[PDB]
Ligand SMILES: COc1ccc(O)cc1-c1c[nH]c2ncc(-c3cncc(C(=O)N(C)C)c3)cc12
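First comes one chain, alone, set out as C-alpha cells in the form deposited without the ligand.
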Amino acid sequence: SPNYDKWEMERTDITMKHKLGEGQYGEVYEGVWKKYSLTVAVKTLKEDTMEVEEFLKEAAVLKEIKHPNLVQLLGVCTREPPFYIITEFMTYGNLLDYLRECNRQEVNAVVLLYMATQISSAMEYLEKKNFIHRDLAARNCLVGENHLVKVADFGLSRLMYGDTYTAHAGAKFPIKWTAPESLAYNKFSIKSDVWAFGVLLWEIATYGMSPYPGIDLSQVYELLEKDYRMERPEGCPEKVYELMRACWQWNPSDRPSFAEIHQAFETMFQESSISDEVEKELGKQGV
C-alpha cells in the first residue's frame, strides 16, 4: 500500500513561475505558493512515465536531507492530480551561475570559507545518513541571499551543457568532471565524494570557470590518476588549495573525511592565508 507523511502537499497550492532546467524523471521549474512564501524548485516525472514510480523514493532521499545548510524537501503531492516533489530554491541559483554572475561584485575569500565550510558540514552529516551524492558539484549546490550554500541535484544532464557538460558515459555524471578512482574501479564512497568536493572547492576558488576545460577527455583519466590538479586560481586563498590537494590525492588512505575538511576551513576563516608550501604550481587561474 502507498504511504505519505507530514510532507504531503496538495498540488493546487503550488504556483509555477518558470523552468530552471531538466531533471532525471522530467523538468525542474521554479515556483512558490499564493504569498507568505519563498522561491522553490519542483521536480516532476513526465506524462509518459510508467508504473515504475521509483521517483517517490528519490523524494524520500530529499526528505532524508533536512538541514539549514542544505536544500530540503518542502513537500510532495502523492494524492491529487499528477505527482510533484517541491524542494527549496535558493535565489542566486546554482554555484556556476552564482560565481559567474559575481563577475559584477565578486564573492569574498571569507564567503568562500563560509560557503565551503557549510558544504563540508553538510556532507559530514550526509555520510552519517549513509548518503553518497556522487555528482557533488557547483551545479549540484545552490546559494541563498545571505550567501549560504546548500547541497542538491535536479537531475541535470542538459541544464547548462555549454559551460560544462560531458557526453553521457552510461552513468549519471559528466565523465570529464568524474574521479580517476570512480573511472577505474567504478566505486563511489565518501572518499570519491571528497575528490568531487575538491574539484567543487576549486570551482568555488576559480569563481565558476569550466572544470577540466583545456585538457582532453581521454587524457582526463590519464592525468587524474598520475596526480594532476588544475593550477591555483588568482585572487583565491592558498589554504583551500592545500586542502583540495588532499582531496585530489589518488590514494583513499591519504585523502581525508569531511570532519577533517571542516577543521581545514575552520582555521582558514580565522584570519589565516598562504601556509608554508605554495612553492610552485600556484598562481594563475587554472587554464
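Counting begins at 1, following the sequence as shown.
This protein has a second form, the form deposited with the ligand bound, left out of what is shown; the following refers to that one.
Placed here by superposing the C-alphas around the site, the ligand (as posed in the bound PDB entry) has at least 3 atoms within 2.4 Å of backbone or C-beta atoms: blocked pocket.
The partner is absent here; in the bound PDB entry, the one residue of 28, 224, 230, 261 having a heavy atom within 4.5 Å of the ligand is 28. When contacts are judged by a 4.5 Å heavy atom cut-off, residue 118 does not count as touching the ligand in the bound PDB entry. When the ligand is considered in the bound PDB entry, residue 192 lies well away from it, no heavy atom lying within 4.5 Å.
Contact annotation for residue 212: none of its heavy atoms lies within 4.5 Å of the ligand in the bound PDB entry. Within this chain, residue 88 lines the site of the ligand in the bound PDB entry, having a heavy atom no more than 4.5 Å away.
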